[PDB]
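Just one chain is shown here, as structure tokens, and it is the form deposited in one PDB entry.
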């Protein structure tokens, strides 16, 4: 008879400017002060019970590692299984709750983050992960808010995708959550990513065990508390920080695992994938694994490029948040003709880059890298840049962990386009440059595509429109997010759905309309309204 169908008008959350005297800048400075010298105690949360184990851990401020910003603990096997059992017992009612009621919780949480809780969530991201004002703002506010709103819009509008009905039967599709629990494993670099890893599956009718990154615990728990206050029922998302391997071992051993939503390193993702496969016989259904892993991303420059855009775009992409983004540019390809100009502008602007404490000094461009293990790995690369004959440091190269894990932005030139530093992901502020002969730009395009294992992000700078069209074809699979005359970072929800293939992951494109499909197992229902009839057919009579 009738089909009734609902839509949702959503806009991207406006990014505030935070200038002198603005209300948001005053709010944020009060939120920062309310944090200096205080250490939050963060329990595991299972259902509504706050739980503590004997395995206490601390989260320290990256630019001042003497300040413990949070104290939390690791779930044991016992607690993780209690969490699984309780999540499973809450699932059927949650899955049965209409998508509009579920969406409403995430819309309210988005509004809480947008206004009243904004400064708090910005402040905890700045202090706990080492983000500057603007990095915390585009992440912990804008992207997280946009995930909640746009995924709610997409889930609501998915209900309207219904099959054809033909008399005497009516057909309908019911978007079921996966049967079991989902494990969400989030990384340090984005506060928004934890929110979406656990949030998107929960929105789609799943129950979730969320293991947040130890180095983002302060802000992750702030996200969790907001969702609970926005109305998320108990046992829909369990907050269970844990040792990585123990968590991985436990959830891939449960017969009830129906999914893993992972962001982080390729080896850890492959390992989880292998564990699930080793145990395939015990699962009640086939577990869905989604993985967003790293990249070795590029800015490729043609002789026609606008040099100023190349310069500011590459500095932002390589060095914002210390180059600690899956999308950060770490290999730059420059034509011989343009190199002297670009090298000079880069070196001049590099010298103007202030690294320091992002809460005390808002003039800070970027701050310390996240932790000691990261700091060490980066120093070994710096030492490798001096040691290697094919490599010379053009700028930076110093690092100082006496107060925070501080690394100077570093620019390295490579004479060898296949050097390990052009291929392996550093996750620090280290930009590698290869200068190529103008006459050999077509072959250098092939090098970009062929050099690494990754296919996450990439950019082309060219004013020549025919060269753009050409590189677009050649690099089709070298980057899941491809940028033309823009930096390789800063994907905005609903505008650049994000992810890539090759070794960079399963490319489910969070931030787009199709991402949520991974988290539903649709049922089709056919109802027939008239009596069936003879089992024989006419052609048989």
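Numbering follows the first chain given and starts at 1.
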Legend entry - Unresolved residue 62 in a third or more of other entries flanked by modelled residues: no
Legend entry - Unmodelled residue 499 in at least one third of other entries with both flanks present: yes
Inset, instruction - Look over 501 to 509 and 34 to 42 in the entry and identify the one with the greater average Cα temperature factor. - result: 34 to 42
Legend entry - Segment of higher mean CA temperature factor, 334 to 342 or 306 to 314: 334 to 342
Legend entry - Top Cα B factor in the deposited entry, candidates 207, 216, 403, 290: 403
Inset, instruction - Select one of 72, 298, 175, 262: the residue whose C-alpha shows the highest B-factor in the crystal structure entry. - result: 72
Legend entry - residue 480 - which third its CA temperature factor falls in, relative to the rest of the chain: lowest
Legend entry - CA B-factor placement of residue 523, once the chain's modelled residues are sorted into thirds: lowest
Legend entry - Record-listed C-alpha B factor of residue 28: chain third: highest
Inset, instruction - Relative to the other modelled residues of the same chain, rank the CA B-factor of residue 421 and answer lowest, middle or highest third. - result: highest
Legend entry - Third of chain Cα B-factors occupied by residue 10: middle
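This next part talks about the form solved in complex with a small molecule, which is not shown.
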Legend entry - Residue (of 104, 165, 418, 446) lying close to the small molecule in the deposited bound form, criterion heavy atoms within 4.5 Å: 165
Inset, instruction - Just give me the single entry in 309, 170, 279, 161 that has a non-hydrogen atom within 4.5 angstroms of the small molecule in the deposited bound form. - result: 170
Inset, instruction - Tell me, please, which stretch of 18 to 26, 514 to 522, 5 to 13, 529 to 537 lies within 4.5 angstroms of the small molecule in the deposited bound form when heavy atoms are compared? - result: 529 to 537
